[PDB]
Amino acid sequence: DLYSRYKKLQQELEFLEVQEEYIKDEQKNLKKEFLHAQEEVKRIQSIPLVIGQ
Amino acid sequence: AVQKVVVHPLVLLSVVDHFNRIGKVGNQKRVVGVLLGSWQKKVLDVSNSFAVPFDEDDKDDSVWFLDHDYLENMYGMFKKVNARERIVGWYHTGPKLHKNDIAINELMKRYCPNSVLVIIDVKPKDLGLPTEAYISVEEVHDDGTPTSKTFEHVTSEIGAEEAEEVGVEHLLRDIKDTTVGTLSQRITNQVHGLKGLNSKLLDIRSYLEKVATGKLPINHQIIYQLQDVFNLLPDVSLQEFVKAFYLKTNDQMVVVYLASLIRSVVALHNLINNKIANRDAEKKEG
Amino acid sequence: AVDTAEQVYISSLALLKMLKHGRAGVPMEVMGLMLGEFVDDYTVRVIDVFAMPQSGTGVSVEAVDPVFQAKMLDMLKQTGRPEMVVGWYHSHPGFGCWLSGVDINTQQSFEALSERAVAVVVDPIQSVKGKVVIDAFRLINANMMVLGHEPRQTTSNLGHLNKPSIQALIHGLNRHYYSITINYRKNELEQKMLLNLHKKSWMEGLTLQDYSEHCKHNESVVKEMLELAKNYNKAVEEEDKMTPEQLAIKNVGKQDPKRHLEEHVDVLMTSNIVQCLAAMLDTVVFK
Amino acid sequence: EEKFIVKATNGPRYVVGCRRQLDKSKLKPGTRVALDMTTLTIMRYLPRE
Ligand SMILES: [Zn+2]
């Protein structure tokens, strides 16, 4: 228990360290989807339209 | 006569259909399709096309098989359902320009008006633009060779008018739009060197090969203009362009001031909320 | 008395033919015919799709010429198209994609041969260019009113079929009128040929032509966009000088919907073109 | 200069764009023009009488 916390903790070191490139992938991909959907909802606004009041 | 043409991807996807309905017979020869378009306006615009049974011979290259009744029936029905588009020319999927193409194109030169020729690749491995508009016009040669059919390269562009952009964008869901900024620019700035490296490197090998090991004159007159244009930039010493480097570098300094100053303005809300929010959430948490 | 879970396979052929047919989709009623092959009971694949000449009568059983249909189908049989017809399509502009009595009568008359009788109605007139989602139509048996309406298994795809959730047509005319799901398919030849063809459609010919145009226009035309960009930047900073007063008084709640940050970030993105193309000019000057 | 406002005879007003074929000669205001049902493009103008 006393000395086992190091080698047992290494599993948490790998499990928490493996999330770096993952959160990199999410923060690099979700903004690409953000500009994809952003331009998709932006291109809906067309020039031909009717004027109301 | 024609400066540029417009080719829609519908005809190339019809070539994908030509490669789909083969049936695994083992022939996959240069299937000739009848290209359709609008020859009225100065610019050429291909909307759709169809196919015609075309078969050649293994040994003899001068063998070509066409059909007039099927062309007049498909053109009659297609003209009946849509009279805004008429016959313009044809196209073959063969990557190599054979000698029989003057006899194949000569039929649509006699019966039909001047036909445009397009050479594509059977395998989508070519990085360059697959469509090349080759007009069928006779040009006078200076060396004295008899007048023959000459295929002059006409520039082409791949664009869609109203709906094919929406259909392609919906079917892909992977390609990205223009999206001016960092990624769409740096990708071009990284892969462009390969986009020119594979083409130029792929051309200079057969070029240098046919320079020494070449016969059957290939109009060596144009090579003088080739090396001449290659020598139109004789390694300028960049002495006069130093002031231009000072101007572009000054604009770089302007971008530096805009980045540092504007980002310094953006740091306001972050470098304030990080304090006023943390100290109030901490003093009011318990 | 048996029913299965059918799904209509839609490739790019019928899609693009419905896009060009939608561009030529005049308000006059149009006619079309779909082809394909029946491999099993609960699947259907469409490959060949063509258009039909318009007529003053419109969508009707009398407008369908049997000698013209059989003639064109025979001309497709003598060629490399050994596929039989699977259904007929048309367009309903303006009054909605629903089916009138004539359409269900000619559908009842045209479904005597094919039990499936796939019906697709394209309407790109009032549909925005953002989505091109299309829906396929089906015909229910009139004798099934006593038993369940649609005893179709695999109820998972109904969530994907709930995307056309208009509150007037689906359950406004759901009686004796249901629909079916639609999926796509793409091989490697369409993926690489169409993907590289679209990338090339957004790229240059030699891919090195229009680069120096912008690299050298950064000193001529973009300078005006940089001066105007600084004019908008100052046009926001004139209010950013007044922001520390309110931010120094209230500090509670946000009243201005403007963020004043992402716009300046976009200005920096437009300004980074000089930095990204400076190395390009370094490569053009170098070698 | 590229996009202006049009007034239809029926009463509802709309806005259209500029076609690549025509120029800014007839695009000036005060001249009756014609529109299309699809994309609201401009084919040619209509001289008053
Ligand atoms: Zn109607």
# chains A, B, ... in the order shown; residues from 1 in each chain; ligands from 1
$ residues_near_ligand --ligand "ligand 1" --cutoff "8 Å" --atoms "only C-alpha atoms and all ligand atoms" --output "ChimeraX atom specification"
/C:27-29,92-95
$ interface_residues --of "chain B" --to "chain A" --cutoff "12 Å" --atoms "only C-alpha atoms" --output "ChimeraX atom specification"
/B:166,169-170,173-184
$ closest_residue --among "B:106, B:132, B:162, B:143" --to "chain D" --atoms "only C-alpha atoms"
B:162
$ interface_residues --of "chain C" --to "chain A" --cutoff "10 Å" --atoms "only C-alpha atoms" --output "tab-separated table (two decimals) with N, CA and C atoms, in the first residue's frame"
chain	number	residue	atom	x	y	z
C	128	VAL	N	-33.84	25.57	-49.66
C	128	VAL	CA	-32.62	26.36	-49.57
C	128	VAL	C	-31.43	25.53	-50.05
C	129	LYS	N	-30.39	26.23	-50.50
C	129	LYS	CA	-29.18	25.58	-50.99
C	129	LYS	C	-28.32	24.99	-49.88
C	130	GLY	N	-28.71	25.16	-48.61
C	130	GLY	CA	-27.93	24.59	-47.53
C	130	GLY	C	-28.08	23.09	-47.43
C	131	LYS	N	-29.31	22.59	-47.56
C	131	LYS	CA	-29.60	21.17	-47.48
C	131	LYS	C	-30.31	20.71	-48.74
$ residues_around --residues "segment 4-6 of chain D" --least-positions-apart "4" --cutoff "10 Å" --atoms "only C-alpha atoms" --output "PyMOL selection string"
(chain A and resi 48+50-51) or (chain D and resi 12-18+27-29+32-35)
$ closest_residue --among "D:2, D:37, D:11, D:22" --to "chain C" --atoms "only C-alpha atoms"
D:37
$ interface_residues --of "chain C" --to "chain D" --cutoff "12 Å" --atoms "only C-alpha atoms" --output "PyMOL selection string"
chain C and resi 22-27+124-126+128-129
$ residues_around --residues "residue 68 of chain C" --least-positions-apart "5" --cutoff "10 Å" --atoms "only C-alpha atoms" --output "PyMOL selection string"
(chain B and resi 77) or (chain C and resi 52+73-74)
$ select_by_dssp --residues "segment 132-273 of chain B" --states "strand (DSSP E)" --output "ChimeraX atom specification"
/B:133-138,149-158
$ write_last_selection --atoms "N, CA and C atoms" --output "tab-separated table (two decimals), in the first residue's frame"
chain	number	residue	atom	x	y	z
B	133	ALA	N	-8.97	20.82	-72.63
B	133	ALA	CA	-9.73	21.10	-73.84
B	133	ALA	C	-8.77	21.24	-75.02
B	134	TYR	N	-8.89	20.33	-75.99
B	134	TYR	CA	-8.04	20.31	-77.17
B	134	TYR	C	-8.91	20.59	-78.39
B	135	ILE	N	-8.79	21.79	-78.94
B	135	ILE	CA	-9.59	22.19	-80.09
B	135	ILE	C	-9.03	21.53	-81.34
B	136	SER	N	-9.92	21.16	-82.26
B	136	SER	CA	-9.55	20.50	-83.51
B	136	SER	C	-9.52	21.55	-84.62
B	137	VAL	N	-8.37	22.20	-84.77
B	137	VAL	CA	-8.16	23.21	-85.80
B	137	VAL	C	-6.85	22.93	-86.51
B	138	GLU	N	-6.79	23.30	-87.78
B	138	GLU	CA	-5.60	23.12	-88.59
B	138	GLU	C	-4.74	24.38	-88.55
B	149	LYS	N	-4.29	17.94	-88.67
B	149	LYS	CA	-5.08	18.29	-87.49
B	149	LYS	C	-4.17	18.53	-86.30
B	150	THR	N	-4.33	19.69	-85.66
B	150	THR	CA	-3.51	20.09	-84.53
B	150	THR	C	-4.39	20.26	-83.30
B	151	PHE	N	-3.95	19.72	-82.17
B	151	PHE	CA	-4.69	19.79	-80.91
B	151	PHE	C	-4.05	20.85	-80.03
B	152	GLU	N	-4.62	22.05	-80.03
B	152	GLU	CA	-4.13	23.15	-79.21
B	152	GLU	C	-4.82	23.11	-77.85
B	153	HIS	N	-4.03	23.26	-76.79
B	153	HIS	CA	-4.57	23.20	-75.43
B	153	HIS	C	-5.35	24.46	-75.11
B	154	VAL	N	-6.61	24.29	-74.72
B	154	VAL	CA	-7.47	25.39	-74.27
B	154	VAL	C	-7.70	25.21	-72.77
B	155	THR	N	-7.55	26.30	-72.02
B	155	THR	CA	-7.72	26.24	-70.57
B	155	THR	C	-9.15	25.84	-70.21
B	156	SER	N	-9.28	25.16	-69.07
B	156	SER	CA	-10.57	24.66	-68.62
B	156	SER	C	-10.71	24.90	-67.12
B	157	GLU	N	-11.96	24.98	-66.67
B	157	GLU	CA	-12.27	25.15	-65.26
B	157	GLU	C	-13.42	24.23	-64.89
B	158	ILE	N	-13.41	23.77	-63.64
B	158	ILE	CA	-14.42	22.85	-63.13
B	158	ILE	C	-15.30	23.64	-62.17
$ closest_residue --among "C:136, C:34, C:166, C:274" --to "chain B" --atoms "only C-alpha atoms"
C:274
$ residues_around --residues "residue 263 of chain C" --least-positions-apart "3" --cutoff "12 Å" --atoms "only C-alpha atoms" --output "tab-separated table (two decimals) with C-alpha atoms, in the first residue's frame"
chain	number	residue	atom	x	y	z
B	262	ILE	CA	-5.06	43.72	-31.04
B	263	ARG	CA	-4.17	40.67	-28.94
B	266	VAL	CA	-8.21	40.89	-26.34
C	229	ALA	CA	-9.48	47.18	-41.41
C	232	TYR	CA	-12.95	49.47	-38.30
C	233	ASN	CA	-10.46	48.62	-35.54
C	236	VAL	CA	-14.40	49.78	-32.27
C	258	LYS	CA	-21.47	42.26	-29.25
C	259	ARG	CA	-18.40	40.29	-28.21
C	260	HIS	CA	-15.78	42.68	-29.68
C	266	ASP	CA	-10.96	37.44	-37.68
C	267	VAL	CA	-9.18	40.70	-38.55
C	268	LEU	CA	-5.96	39.07	-37.35
C	269	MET	CA	-6.76	36.03	-39.51
C	270	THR	CA	-7.12	38.29	-42.56
$ closest_residue --among "C:164, C:172, C:87, C:151" --to "residue 109 of chain C" --atoms "only C-alpha atoms"
C:87
